[PDB]
Ligand SMILES: CC(C)(COP(=O)(O)OP(=O)(O)OC[C@H]1O[C@@H](n2cnc3c(N)ncnc32)[C@H](O)[C@@H]1OP(=O)(O)O)[C@@H](O)C(=O)NCCC(=O)NCCS
Ligand SMILES: CC(C)(COP(=O)(O)OP(=O)(O)OC[C@H]1O[C@@H](n2cnc3c(N)ncnc32)[C@H](O)[C@@H]1OP(=O)(O)O)[C@@H](O)C(=O)NCCC(=O)NCCS
Ligand SMILES: CC(C)(COP(=O)(O)OP(=O)(O)OC[C@H]1O[C@@H](n2cnc3c(N)ncnc32)[C@H](O)[C@@H]1OP(=O)(O)O)[C@@H](O)C(=O)NCCC(=O)NCCS
Ligand SMILES: CC(C)(COP(=O)(O)OP(=O)(O)OC[C@H]1O[C@@H](n2cnc3c(N)ncnc32)[C@H](O)[C@@H]1OP(=O)(O)O)[C@@H](O)C(=O)NCCC(=O)NCCS
Ligand SMILES: Nc1ncnc2c1ncn2[C@@H]1O[C@H](COP(=O)(O)OP(=O)(O)O)[C@@H](OP(=O)(O)O)[C@H]1O
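Protein chains in written order, with the entry's author numbering: chain D, 1 to 403; chain C, 2 to 403; chain A, -13 to -5, 1 to 720.
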């Protein structure tokens, strides 16, 4: 709890879509190396020997994303062989957990400058490609009462009373704010276009966005998780625990749920002495981090206790925060979080979220962190709180202050 | 700011690869068994104050996929607020888990953390997760990918370690591991693995060969000359190390780390967290450090990382009572001893992975717990734990008895 | 390491050895201590000696044939020994099944063909012996069954049944088709699914066909002779292993679907079977087999297996052997049956009587009513021809035995009467009055009555000796229990005739002494009354239905109350109140009675009137009535789910104890099988009487733990949960 940790850079690739995506031909390793080369372009005199670790989140570390992809990035990009490289997986919050771990490594004093972030090419390494015990082991699956995140989202809307039009209203809101952010040039500095080995353009925008979304178009969509809940029996499993709920209202579709996309993100975190030695300008400061959890069957109510803990840990209240950024895994998760803490709507996901732009699991936490660093600077605001819901019923939250 | 203390450090016995007792035991069960042991030692421990579970795992696929740390939290019935995160930094994952837990405690934003690792190499073989450095030709061709074993034989060639030299260290490891077992050094830290009915599955490190002789070791064949002449990795390594004409293949199944299954758990917390739960601190994390060296030789990372953690703590070799370096290969330990002039009677005093096995993701936390016990048994002060890492990395940690 | 159970240290031999001039060994199983072959200590030692001899003489043995000299092939494990296994015996249980499978594994890998000559029933361990062989030939004889019914007794196929069937058919097919339900197959179905390879007409052709197959196998396929498909280098498990992307995509849905099917009931055998199947498919055969042994020992030393072995083996065997049948009564064949009433009960009684091959005269007040009663059988035959379980010429003769009529003269020649009219004493007196002189002189006069005592109904007829209660259960075609009630003037001669008739239609009988409510109706009343009391106390109706399903009941209690009709329940509460107030006493109304009257006042009396606790549209059940939560202030009371579950189970367990004390029931076997098969008491309990001696919760196990939990329930919910003195000390 000594050395303060500062964010010096925070960049990300555009998010390419799952079906006929522009990034499907791009190896996940190349997405990370492309962001490393951009950091060199922005700081051509940075002594990379002072970088002591590269921490990358990745939820499916198999195949193209296996074998410690962080270390592969260090060696492939020609970084100093002393720069480390470690992969971690805390499900959806892996990207923010990497940043938090980097910030904690700096605060302990035993690390000076750390690259943190995540990568996930869901079109090449689909979700669940890594297996696991909670799903593919009957004795464990039976006792833990495994239920997919989608059923838990529908269950949240059922308990809280969020109708189909309620969640679709948030989906339209996210598509509008994302389009307004791209049109206003908000993302011109932090979204780094992906190029090939000859410098040719591959993707320069978040191609999952549908800016022309309307309320009528969303109403026509079918519940995307009705055949999975019925054929899998996961509805019955969830209601055995939530026995006072008679029926689950399946309100979530492919229009009000986060998109499956490819992408990567990178954040440069260091101490004050590390930034002054390398001639870096601090953009924000990591004020506090926190990790909590909630029921694993409903799964997606984790961000509420994690936000309260990071607020009490930093000695702050809801009123002291200017911007709230919560990953848009499902619309009901954001509406539940907004209802629990009475978040002013004008402060919540003000540049849009994963419903419009996509949720590249391992990288999403670092992406929305860099989004808030840019938006605090653009608005000349002071504080932002970032949080994500996590599979298994976990939650991670982080508070940053503009510097 | 806050000091990080070790309150418990336990491990399972290490089961062998061929006809091993743990082959029928899921990796998740190995971790859960250690969690139940922690509860037996502290039944009044408020588990709500455990904020994270950090497990190293080098092959997080299949039985070891899907964040096995979170699986262990839920399957063991721990509070849902206890987190759970998996990490992979190759061979040092178990110690990196411990080091990350200590740094989170020092930052003040975490009070009590469970750290360790798990690797069931008989069920999830090494390399089962794939990876770009091996399977992608573009980056394989660039990083000059070479298996760890060719680098180990290359270290022996450059440093002039003969076949007898590496076999002599292999014999010593077997002898010291057998002495530590028969001496009861491992009685409290090795937790027997039992089935759902309470029946014993394994209670000892079955990879050990305490009746090893120098003549038996001399009969073994070089285990890595087939990997060299089939994949051409000999010529790849010599393209970078161009001044050596030929690699002397000295490493065998008798002087290399064993492929085993096992898990380890370590409870790390602040002084205030231990006082609230009535926990007695056993050791203090003095300093951690990560560094690296050439990725082709791949196994010289321990030296710069050990140098870095000593300078960070303001200590020298003379200040350290016990040195514990993972015995991935014999030449790696002999080079580390030659580089830093480590006294022989201070190095791997209770045997190592050559005798007892190297369950990748858990090894770092196992040898860490071995030093916590041996410092307490000898009434010594400081120990330095380090591990070589694939890709040319290195991690080192200094602990202090309390 | 050894084929024997002990390395140190007198059992009778059960296997006969015979080696012919060709080198073919025939192992004929013939246990001299019983009528059937069973995996007891005698078999284990005998098979160990045989397998040792097969190895020692391997140079002069070309093939093996496993056969039996009993009526059946092999019956399976020794239930009398397995039911006594305690948790401290887990090591001995584990060692026993490991030794059994070591013998079968050696037999399986001799390097020479082994053929199973299945002459009769091969069940459980019997089929497991046959699965260890490389070829199975079954005689297509009557009464022959093949399957692994261990799950029916709370066990799993621990002699390699899980491991081998998963190797044969893959995880999904083996679990669904064979393991999860313990289905018993006839030899023709066995060959169809793959448990059997070839069929013969008689038992005399088995061994010759087995030796002929061995001779042909040794010539046609000399390299693969005696090698199971999973022992070849290029083996691929059907449907894939858990590490293949195809199966890995649907594998997480197997435990959830299983949990959906079981509705969350505490029955551990199916989950243990699924775990053993999947875990075994991840490793080699021998490792898979050892894992199977560990899950087997976990079930055998548990309590549910003891409950289900007690009910579905011992209690069912005591009943099917005339345990409640009168002694020394001769059989009296039945010529023609007369069913009074064409309602769902009377129509169901006519179907199961015609399906058993009897002539049935179905009478009602009008010919239009008796015709739609026969249409109940016609709708069942149409669904039987679509699925393909019967032929047209056989379904024609079934419906032809049912003669719908509206005239009492058509009961001429009827020697067996089954009345199923409305619950009313003088109505049944009038209905029997029109018919008692038209039927045969020695005709049985049966009454399908829910609560009205049989002694009172017998006064409405002349010959009270042939008047008896024959209680069926809706739907009659699927419910397997017949509750036979003996009135005061009912003779033992009529007891046996109804007992035989129950067995003739393929149903299980219990004998009950006359009393208002009998056993089934009285006990099931405490079940639905306990749930309605929870609704009145303010418990969410969704939680009440969840508590019933997770308790193990086939239908949740509010749904069942709608089928039972609340006006019948109010009528029963009036009859109970009248008997107390006519004896000068003060009636203590069950708290459910206020809920029953409230729903009747609101015009929601059940499914017959299209409105109950559920809404009904187009005959289908829609969902819980939205006005229910406002009527009873649902949500104001939120007790723990296990309290709701125990309140239902204990209410029935306690009422079962009273029925035993009052002499209503004569044996706990009738109590257990009657509660399971009659009113749907959860089978994992082994019955409402076994639930007392086998209760297991967080507070221990046994009768003492049952009384403690009952006292805990009585302190929080009412004195009705106070244990009677017959359970105390
Ligand atoms: C919800 C989900 C199953 C949808 O998958 P999908 O159906 O293949 O996705 P699509 O984008 O094709 O959407 C389906 C349809 O909706 C349409 N659609 C989606 N968003 C739309 C919008 N805003 N306006 C109009 N149409 C839209 C698509 O064009 C498509 O139409 P079509 O199928 O007739 O061509 C998938 O996105 C998903 O799993 N996401 C949830 C998040 C998740 O799984 N992980 C996060 C864990 S925290
Ligand atoms: C070296 C290695 C290839 C040996 O594998 P293996 O051949 O299966 O090992 P085994 O011990 O089963 O076989 C070695 C042979 O020598 C014998 N042997 C091994 N150790 C012995 C000892 N101490 N004394 C006597 N004989 C010994 C074995 O019995 C065997 O003889 P056999 O072949 O006639 O049966 C393997 O252990 C290995 O790769 N380990 C290194 C781990 C690694 O690659 N990376 C670690 C990450 S840092
Ligand atoms: C074999 C069977 C299908 C037909 O039996 P049947 O010819 O009608 O003969 P009975 O039922 O009268 O049984 C005759 C004897 O066999 C005994 N017996 C049959 N199977 C037995 C078993 N698995 N364990 C112990 N005894 C058994 C009976 O207890 C009885 O002994 P007894 O006559 O001295 O009292 C029937 O006995 C049965 O259902 N067996 C159960 C098999 C099973 O489910 N096993 C599960 C564990 S592997
Ligand atoms: C409980 C068990 C031991 C036997 O129970 P049981 O004695 O049959 O129970 P009951 O007394 O209610 O039997 C009467 C039943 O006969 C049924 N029945 C009789 N003939 C029938 C027929 N031709 N078709 C359908 N059901 C028939 C009745 O419908 C009635 O209920 P059911 O359909 O649910 O079985 C056995 O079913 C078991 O343990 N099953 C394994 C667990 C399981 O259910 N797994 C499936 C998961 S997919
Ligand atoms: N066991 C239960 N039975 C019935 N209702 C419940 C139960 N647990 C929680 N609830 C309901 O769930 C809602 C709030 O959930 P809680 O926070 O109480 O759940 P928790 O007990 O898991 O914390 C309450 O409903 P309301 O929105 O009408 O206030 C509460 O009634």
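Note that the Cβ used here is the ideal one computed from N, Cα and C, for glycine as well.
I'd like the list of long-range same chain contacts for residue 313(C), defined as Cβ closer than 7 Å, with 5 residues on each side in sequence excluded.
Here residue 313(C) is taken as the residue at index 312 of the second chain, counted from 1. Contacts found: 288 and 290.
Below 8 Å between beta carbons: does that hold for residue 27(A) and residue 71(A)?
Position 36 of the third chain, counted from the start, is the residue given in the question as residue 27(A). Position 80 of the third chain, counted from the start, is the residue given in the question as residue 71(A). No, Cβ-Cβ distance for residue 27(A) and residue 71(A) is not below 8 Å.
Given that residue 24(C) touches chain A, what residues does it touch there, using C-beta distances under 9 Å?
Position 23 of the second chain, counted from the first residue, corresponds to residue 24(C). Here the neighbours are 274, 275 and 278.
For a quick check, are the C-beta atoms of residue 449(A) and residue 458(A) less than 8 Å apart?
Position 458 of the third chain, counted from the start, is the residue given in the question as residue 449(A). Position 467 of the third chain, counted from the start, is the residue given in the question as residue 458(A). Taking a C-beta distance under 8 Å as the contact criterion, residue 449(A) and residue 458(A) qualify as a contact pair.
Check whether the Cβ of residue 534(A) sits closer than 7 Å to any heavy atom of ligand 7, and report yes or no.
Within the structure as shown, ligand 7 is missing, the only ligands being ligand 1, ligand 2, ligand 3, ligand 4 and ligand 5.
Closest to residue 58(C) by C-alpha separation, out of 382(C), 363(C), 372(C) and 377(C), would be which residue?
The residue given as residue 58(C) occupies position 57 in the second chain. It is 363(C).
Give me the subset of the segment 163 to 186 of chain D whose CB atoms are less than 8 Å from a CB atom of chain C, sorted by chain position.
Going along the segment 163 to 186 of chain D in chain order, one finds no residue with a Cβ nearer than 8 Å to chain C.
Give the C-beta separation of residue 526(A) and residue 532(A) to the nearest angstrom, bearing in mind that I take them to be a contact with Cβ-Cβ under 8 Å.
Walking along the third chain from the start, residue 526(A) turns up at place 535. Walking along the third chain from the start, residue 532(A) turns up at place 541. The Cβ separation is near 6 Å, so the contact holds.
Starting from residue 561(A), trace the alpha helix (DSSP H) in both directions and tell me its first and last residue.
In the third chain, the residue the question calls residue 561(A) occupies position 570. Counting along the chain, the alpha helix (DSSP H) containing residue 561(A) begins and ends at 557 to 573.
Within-8 Å CB hit, residue 322(C) to chain A
Against the second chain, residue 322(C) aligns to sequence position 321. Contact of residue 322(C) with chain A is not assigned, every C-beta pair being separated by 8 Å or more.
Rounded C-alpha distance that separates residue 15(D) from residue 178(D)
Along the first chain, read from residue 1 onward, the residue named residue 15(D) stands at position 15. Along the first chain, read from residue 1 onward, the residue named residue 178(D) stands at position 178. When rounded, the distance between both Cα atoms is 13 Å.
Is it the case that the segment 150 to 158 of chain A contacts the segment 201 to 211 of chain A, given that we only count it when at least three CB pairs across the two stretches are under 8 Å?
Touching, no.
Count the other CB atoms within 10 Å of the CB of residue 188(C); is the residue buried (16 or more) or exposed (fewer)?
Locating residue 188(C) in the second chain gives position 187, counting from the first residue. It counts as exposed.
Own chain residues within Cβ distance below 8 Å of residue 675(A), not counting five before or after:
Numbered from its first residue, the third chain carries residue 675(A) at position 684. Closer than 8 Å at the Cβ level, and outside the excluded window around residue 675(A), lie 145, 256, 257, 258, 295, 298, 299 and 543.
Under 8 Å, do residue 337(A) and residue 353(A) count as touching if we go by C-beta distance?
Looking up residue 337(A) in the third chain gives position 346. Looking up residue 353(A) in the third chain gives position 362. Against a cut-off of 8 Å, the Cβ pair of residue 353(A) and residue 337(A) comes out as a contact.
Checking contacts by CB at 8 Å: is residue 167(A) closer than that to chain D?
Indexing the third chain from 1 puts residue 167(A) at position 176. No - not a single Cβ of chain D is within 8 Å of the one on residue 167(A).
Does the Cβ-Cβ distance between residue 238(C) and residue 155(C) come in under 8 Å?
Stepping through the second chain from its first residue, residue 238(C) is reached at position 237. Stepping through the second chain from its first residue, residue 155(C) is reached at position 154. Yes.
Residue range of the beta strand (DSSP E) that includes residue 357(D):
Stepping through the first chain from its first residue, residue 357(D) is reached at position 357. For residue 357(D), there is no enclosing beta strand (DSSP E); the residue is part of the alpha helix (DSSP H) that begins and ends at 354 to 357.
Which residues, in chain order, does the segment 56 to 79 of chain C contribute to contact with chain D at a C-beta distance below 7 Å?
Residues passing the 7 Å Cβ filter: 61, 62, 63, 64, 66, 67, 68, 69, 71, 72, 75 and 76.
With a threshold of 7 Å on Cβ separation, who are the neighbours of residue 708(A) within its own chain once the five nearest residues in sequence on each side are excluded?
Your numbering for residue 708(A) matches position 717 in the third chain. Setting aside the 5 residues that flank it on each side, residue 708(A) is surrounded in the same chain by 638, each with a C-beta closer than 7 Å to its C-beta; the list follows chain order.
Which residue or residues does DSSP assign as beta-bridge partners of residue 120(D)?
Position 120 of the first chain holds residue 120(D). For residue 120(D), DSSP records a beta bridge to 263(D).
Contact set between residue 245(A) and chain D, taken where Cβ atoms lie within less than 7 Å:
By one-based count along the third chain, residue 245(A) stands at place 254. Chain D residues near residue 245(A): 138.
Against chain C: residues of the segment 75 to 92 of chain A by CB proximity under 7 Å
Within the segment 75 to 92 of chain A, the qualifying residues are 81, 82 and 85.
Compute the Euclidean distance between the alpha carbons of residue 351(D) and residue 129(D), then round it to the nearest angstrom.
The residue you call residue 351(D) lines up with position 351 of the first chain. The residue you call residue 129(D) lines up with position 129 of the first chain. Taking the straight line joining both Cα atoms gives about 31 Å.
Roughly how many angstroms lie between the CA atoms of residue 83(A) and residue 115(A), to the nearest whole one?
If you number the third chain from 1, residue 83(A) lands on position 92. If you number the third chain from 1, residue 115(A) lands on position 124. Cα-Cα distance, rounded: 20 Å.
Taking the CB atoms as reference points, tell me whether residue 528(A) and residue 628(A) lie closer together than 8 Å.
Against the third chain, residue 528(A) aligns to sequence position 537. Against the third chain, residue 628(A) aligns to sequence position 637. Yes, these two residues count as a Cβ contact at 8 Å.
Can you name the start and end residues of the beta strand (DSSP E) that residue 388(D) belongs to?
Within the first chain, residue 388(D) is the residue found at index 388, counting from 1. From DSSP, the beta strand (DSSP E) with residue 388(D) extends over 383 to 390.
Of the listed residues 347(D), 132(D), 25(D) and 80(D), nearest to residue 121(D) (C-alpha basis):
Translated into positions along the first chain, residue 121(D) becomes position 121. With distances taken between Cα atoms, residue 121(D) lies closest to 25(D).
Opposite residue 650(A) in the DSSP bridges: which residues?
Translated into positions along the third chain, residue 650(A) becomes position 659. Residue 650(A) is bridged by DSSP to nothing; it lacks a bridge partner.
Can you list, in chain order, the residues of its chain whose CB lies under 7 Å from that of residue 237(A), leaving out five sequence neighbours each side?
Counting from one through the third chain, the residue named residue 237(A) turns up at place 246. Contacts found: 231.
Three CB pairs or more closer than 8 Å across the segment 152 to 171 of chain C and the segment 247 to 256 of chain C:
Counting Cβ pairs under 8 Å, three or more are found: they touch.
Which ranges would you report for the alpha helix (DSSP H) in the segment 196 to 265 of chain A if only whole runs of at least 4 residues count?
For the segment 196 to 265 of chain A, the continuous alpha helix (DSSP H) assignments of 4+ residues that do not extend past its boundaries occur at 197 to 211, 236 to 241 and 244 to 253, in sequence order.
Are the C-beta atoms of residue 226(D) and some chain A residue less than 8 Å apart?
Within the first chain, residue 226(D) is the residue found at index 226, counting from 1. So no, residue 226(D) is outside the interface.
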